[PDB]
Structures are given as C-alpha cells and as structure tokens.
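The block underneath contains the structure these notes are about, expressed in structure tokens.
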Amino acid sequence: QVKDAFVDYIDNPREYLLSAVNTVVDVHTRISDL
Amino acid sequence: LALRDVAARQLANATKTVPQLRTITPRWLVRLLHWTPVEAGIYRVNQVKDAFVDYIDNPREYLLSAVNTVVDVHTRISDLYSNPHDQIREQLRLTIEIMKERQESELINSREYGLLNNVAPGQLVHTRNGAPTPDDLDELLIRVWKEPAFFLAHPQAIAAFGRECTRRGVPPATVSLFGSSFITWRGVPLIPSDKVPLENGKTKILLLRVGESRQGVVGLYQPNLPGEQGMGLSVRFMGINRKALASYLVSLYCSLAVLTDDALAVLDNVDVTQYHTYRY
Amino acid sequence: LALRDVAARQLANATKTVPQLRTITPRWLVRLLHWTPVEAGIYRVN
C-alpha cells in the first residue's frame with residue numbers, strides 16, 4: 001500500500017495466509033462394491 | 001526525501017535456498033567399495049578348508065539388514081508451500097542424506113557386519129608409542145601386502161600421522177581423488193572419515209583391499225526393489241491418516257563381507273593428542 | 001581322500017517348492033453349480 005494516500009510504501013503490509021479445511025469421507029467397501 | 005530501502009524491498013523477491021545440512025560428509029568409503037548384488041538377501045561365502053582341496057561345511061552366510069524411516073508431511077504444508085521448492089522432495093532428500101550417513105557409520109561400526117568387528121586375529125596391529133608413526137603404517141602394509149587399496153582413519157588421525165612425518169624429515173606424498181586431496185604412505189592413500197570412533201584420543205586406522213575378483217572387501221545390496229530410488233534404497237507411499245498426515249517409508253538394505261581374512265588389517269590404540277616441541 | 005558330499009553340496013542350489021497346503025480340496029460343488037450375476041447385491045425371486 002501507498003503510505004498516507006513523494007510516494008512511499010508501508011513497511012508492514014498485511015499478508016493473507018490461505019487456510020485449509022478438511023473432511024474425511026468413510027465408505028465401507030461392501031457398500032460401494034455391492 | 002524519497003522512497004526508502006525497506007519500503008522498496010517490500011516489493012522484491014528473496015532468493016531462497018534449499019535447507020543446508022552441516023552433517024553431510026563426502027562419505028568416501030561408500031564411494032570406494034565395490035558393491036555386489038544379492039538376489040534374495042542371503043550371501044554364502046564358501047572357503048577352502050585349511051588353505052586334496054576340501055571346502056568347509058559351515059560357511060558364513062550374510063543376511064542383508066533393513067533399516068526404515070517414516071517421513072510424515074502434513075498435506076497442507078505440501079499443498080500450500082511447494083513453490084518454488086517441493087516440500088516432500090526436500091524432506092525426503094534430507095532424510096536420505098541422514099540415512100546414508102548412518103549407513104556409512106554402520107559399514108564401519110556395526111556389530112553384525114562392519115570392518116572394526118570382522119578383523120581376524122593376526123591382522124590386528126598395535127602402535128609402539130601411541131602416535132601413528134610411519135612404522136605403524138608399514139606394519140599395516142605388511143599385513144595387507146598383497147594389493148592394498150586405501151587407509152581409513154579419522155581426520156585427526158591423519159593430522160597426527162602428518163605431524164609424525166614432519167618430525168621426521170619425510171613429507172608424505174599427496175594425490176587427488178574425486179577432486180579432493182589425500183595423504184598417502186607407500187602409495188596407499190589415507191581416507192578421512194569422522195565415523196571411525198574417537199574417544200579421548202585413541203582412534204583406529206584400517207587398511208583395506210576391496211574387490212570380489214581380488215578376494216577383498218565387498219559391499220552387499222538388494223538389487224530389485226519396489227520404489228527403488230537408488231542402490232539398495234526405496235521410497236514408498238504409506239498413506240494419509242485422520243489428521244491429514246501423509247507418510248513415506250524409506251528403506252535401505254546393505255551389508256558387508258570380508259572375503260579372505262588378509263584383506264583387512266587394523267592398527268589399534270592410536271593417539272592423536274601428541275605434539276612435538278621443536279628446539280634448535 | 002577326496003572332496004566330500006556335504007562340502008560339495010555347499011555349492012549347489014536346492015529346488016524349492018511353493019508351500020503345500022493339505023486342506024485344499026477339489027471343491028466339486030462350486031464347479032458344478034451355475035452362477036448368475038447380481039448387478040447390485042439384491043436378487044428377488046418372484
């Protein structure tokens with residue numbers, strides 16, 4: 001970002017870290033086989 | 001007043017290196033040995049008895065040993081942070097480096113196989129004064145007079161031998177191998193290895209003849225493996241657990257056989273802490 | 001005196017068989033029945 005918008009930039013810009021969400025899906029092998 | 005350096009640096013990429021491991025050694029011994037494949041993990045060494053020609057009825061059999069390591073990587077760490085360096089690739093790379101260091105240490109120091117334990121009586125020499133003088137290395141060269149290949153010693157033992165040579169008038173000759181320089185005595189080079197034990201001084205020096213055709217020392221590996229990332233090495237995917245940890249199995253199969261008993265000699269009780277005072 | 005039989009046998013391969021299981025039977029009934037496939041595990045006999 002431009003600071004206080006010479007042209008200066010802020011020295012501590014925000015960084016966005018992607019988050020992970022998980023789900024375990026369990027299926028019996030006889031249910032899928034039959 | 002103009003743009004700052006830190007503010008401008010916020011827009012710049014850093015050049016990131018792969019992680020550096022300080023315990024990586026050149027591992028000369030593994031490079032110097034000859035490796036023979038063992039088709040199904042058993043290696044029988046037959047011998048002439050009391051060398052008509054008779055054979056011994058109970059030859060020694062070498063069973064290849066397996067060592068394993070489980071490498072766990074979170075799936076979010078490999079999914080998110082794999083640019084420009086693959087996370088799993090580096091994790092397995094460092095694991096395999098550590099495992100090969102352990103493999104060299106076991107080629108020297110194992111209790112089942114391993115040079116320092118499989119040395120025949122009469123092939124063991126002792127130092128006369130404690131420091132590794134040229135006479136001790138000449139004794140070793142007497143024991144393995146046939147076709148010696150190299151000496152194996154701790155780098156501090158090599159420095160002690162050099163100091164003994166400098167006390168005499170002898171500058172030992174030097175040779176270049178693998179782009180590196182080594183000290184030689186009577187044409188047989190001294191190879192460094194920090195895996196040779198050292199306890200309050202008191203290390204050991206080895207002399208080897210290598211090769212299957214010369215009846216020397218040979219290394220043994222398992223030729224065909226699932227995964228098969230190298231000579232006797234395999235990496236296999238184990239699965240993913242309920243916490244999203246992906247696991248990998250790294251397996252290394254190895255052994256070592258001394259074909260005849262005069263292929264290896266050990267100089268024992270070597271002291272590396274002695275320095276000469278030069279007075280003229 | 002010459003080379004022995006056991007000493008010479010140390011250099012010979014043995015012919016190893018696959019393990020033998022004595023509980024294997026000819027299982028005639030499975031061979032004699034007719035087998036019909038069931039597409040999704042349910043079979044209704046009207």
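Ordering of the structure tokens sets the chain letters (A, B, ...); residue numbers start at 1 within each chain; ligands are numbered from 1 in the order shown.
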
List as JSON lines every residue of chain B that is in contact with chain C, defined as an atom at most 8 Å from one of its atoms (using only C-alpha atoms), together with the nearest atom pair and the distance in Å rounded to one decimal, sorted by chain and then rising number.
```
{"residue": "B:46", "atom": "CA", "partner": "C:10", "partner_atom": "CA", "distance": 7.5}
{"residue": "B:52", "atom": "CA", "partner": "C:2", "partner_atom": "CA", "distance": 6.1}
{"residue": "B:53", "atom": "CA", "partner": "C:3", "partner_atom": "CA", "distance": 6.8}
{"residue": "B:54", "atom": "CA", "partner": "C:3", "partner_atom": "CA", "distance": 5.4}
{"residue": "B:55", "atom": "CA", "partner": "C:7", "partner_atom": "CA", "distance": 5.2}
{"residue": "B:56", "atom": "CA", "partner": "C:7", "partner_atom": "CA", "distance": 6.0}
{"residue": "B:57", "atom": "CA", "partner": "C:7", "partner_atom": "CA", "distance": 4.9}
```

Give me, as CSV, each residue of chain A that comes within 10 Å of chain C, together with its shortest interatomic pair and the distance in Å at one decimal, counting only C-alpha atoms, with rows ordered by chain and rising residue number.
```
residue,atom,partner,partner_atom,distance
A:30,CA,C:41,CA,9.7
A:31,CA,C:41,CA,9.4
A:32,CA,C:40,CA,9.6
A:33,CA,C:40,CA,8.3
A:34,CA,C:41,CA,5.0
```

Against region 7-11 of chain B, which residues of chain A fall within 7 Å? For each one I want the closest pair of atoms and the distance in Å (one decimal), counting only C-alpha atoms, rows by chain and increasing residue number, as a Markdown table.
```
| residue | atom | partner | partner_atom | distance |
| --- | --- | --- | --- | --- |
| A:9 | CA | B:7 | CA | 5.2 |
| A:10 | CA | B:7 | CA | 6.0 |
| A:11 | CA | B:7 | CA | 4.9 |
```

Restrict the selected residues to N, CA, C and O atoms and save them as a PDB file, in the first residue's frame.
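Below is the file part.pdb, written as the result:
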```pdb
ATOM      1  N   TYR A   9       5.765   3.652   0.495  1.00  0.00           N
ATOM      2  CA  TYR A   9       5.003   2.446   0.766  1.00  0.00           C
ATOM      3  C   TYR A   9       5.102   2.115   2.246  1.00  0.00           C
ATOM      4  O   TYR A   9       6.055   2.509   2.920  1.00  0.00           O
ATOM      5  N   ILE A  10       4.103   1.414   2.758  1.00  0.00           N
ATOM      6  CA  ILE A  10       4.141   0.982   4.148  1.00  0.00           C
ATOM      7  C   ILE A  10       5.093  -0.198   4.266  1.00  0.00           C
ATOM      8  O   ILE A  10       5.179  -1.043   3.369  1.00  0.00           O
ATOM      9  N   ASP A  11       5.830  -0.245   5.366  1.00  0.00           N
ATOM     10  CA  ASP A  11       6.848  -1.263   5.572  1.00  0.00           C
ATOM     11  C   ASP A  11       6.316  -2.512   6.257  1.00  0.00           C
ATOM     12  O   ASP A  11       7.072  -3.471   6.431  1.00  0.00           O
TER      13      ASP A  11
END
```

Select residues of chain B: the criterion is any atom within 12 Å of an atom of chain A, counting only C-alpha atoms; output as an MDAnalysis selection string. chainID B and resid 1:11 74:81 240:245

Provide the CA of residue 156 (chain B) to CA of residue 199 (chain B) distance in Å, to one decimal place. 11.7 Å

Hey, what does DSSP flag as helix (DSSP H, G or I) within chain A? Can you give it to me as a PDB file with N, CA, C and O atoms, in the first residue's frame?
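Okay, this is what ended up in states28.pdb:
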```
ATOM      1  N   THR A  29     -16.327 -50.810   2.144  1.00  0.00           N
ATOM      2  CA  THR A  29     -16.026 -51.357   0.829  1.00  0.00           C
ATOM      3  C   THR A  29     -17.133 -52.275   0.340  1.00  0.00           C
ATOM      4  O   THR A  29     -17.298 -52.445  -0.868  1.00  0.00           O
ATOM      5  N   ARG A  30     -17.906 -52.864   1.247  1.00  0.00           N
ATOM      6  CA  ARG A  30     -19.017 -53.691   0.802  1.00  0.00           C
ATOM      7  C   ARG A  30     -20.166 -52.841   0.282  1.00  0.00           C
ATOM      8  O   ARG A  30     -20.877 -53.261  -0.634  1.00  0.00           O
ATOM      9  N   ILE A  31     -20.347 -51.639   0.830  1.00  0.00           N
ATOM     10  CA  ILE A  31     -21.413 -50.758   0.372  1.00  0.00           C
ATOM     11  C   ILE A  31     -21.122 -50.241  -1.029  1.00  0.00           C
ATOM     12  O   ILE A  31     -22.018 -50.167  -1.874  1.00  0.00           O
ATOM     13  N   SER A  32     -19.873 -49.882  -1.305  1.00  0.00           N
ATOM     14  CA  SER A  32     -19.535 -49.444  -2.651  1.00  0.00           C
ATOM     15  C   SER A  32     -19.417 -50.611  -3.619  1.00  0.00           C
ATOM     16  O   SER A  32     -19.747 -50.465  -4.798  1.00  0.00           O
ATOM     17  N   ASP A  33     -18.958 -51.770  -3.150  1.00  0.00           N
ATOM     18  CA  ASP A  33     -18.816 -52.921  -4.033  1.00  0.00           C
ATOM     19  C   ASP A  33     -20.167 -53.478  -4.446  1.00  0.00           C
ATOM     20  O   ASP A  33     -20.373 -53.814  -5.615  1.00  0.00           O
TER      21      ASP A  33
END
```

Can you tell me which residues surround residue 68 (chain B) at a distance of at most 7 Å, considering only C-alpha atoms, apart from same-chain residues fewer than 6 positions away, and format the answer as number ranges by chain? B: 249-252

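Separating CA of residue 115 (chain B) from CA of residue 219 (chain B) is a distance of 11.1 Å.
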
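Of the listed residues B:232, B:239, B:114, B:121, the one whose atoms come nearest to residue 70 (chain B) is B:239, with distances taken using only C-alpha atoms.
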